[PDB]
């Protein structure tokens, strides 16, 4: 396993998108000893969602010992992303190919007129660094068009919102926009950007 590609996952709260990352993607990576770093922005007072899936890096010991990492980002900032990304490049040097998992990727991948070098690298030179990406967001138009262009794989859950549907058609695939509308709950459509193919996936087993 050498997960250095870019996967974008679109889905609103309650769609089943988070259950797919949290209870499929993350555990498959863990099972294969593939390191990951989670950029988590949703601070609840009982700590956040992914707190269960990795460790907060504080000490010199953590730096060298902790392969599965959770980062709390209250910054939500280009200055923070530069660090997260430099940090990630180094994490891969230590552990081999790692996956940067960014929940609410809006915070760093939204339309900006001037793109920071770390963002440009993440989008264009991720394979050079040995960092796969999983970029998660609620609505397709949350992210800059160039994300969809640079992705290997785009995963979408059901949406009825017409501006969303129109954006999919304009930036990704007209056919994907037609089929997204037909998705039953917890089903997801996968657009493979390399092969240009669409497949509809059944809901993953849940408890």
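Residue numbers count along the first chain shown, from 1.
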Worksheet item: Between 118-126 and 73-81, which has the larger average Cα B-factor in the PDB entry?
Response: 73-81
Worksheet item: Mean CA B-factor: is it higher for 145-153 or for 48-56?
Response: 48-56
Practice prompt. Choose from 98, 113, 137, 86 the residue with the greatest Cα B-factor as stated in the PDB record.
Written response: 113
Worksheet item: Mind checking which third residue 183 falls in for C-alpha B-factor across the chain?
Response: middle
Worksheet item: If you rank the chain by CA B-factor, which third does residue 8 end up in: lowest, middle or highest?
Response: lowest
Response to the item:
On the chain's distribution of Cα B-factors, residue 61 falls within the third called lowest
Practice prompt. Could you say whether, by C-alpha temperature factor, residue 165 belongs to the lowest, middle or highest third of its chain?
Written response: highest
Worksheet item: Should residue 18 be placed in the lowest, middle or highest third of its chain by the C-alpha B factor in the entry?
Response: middle
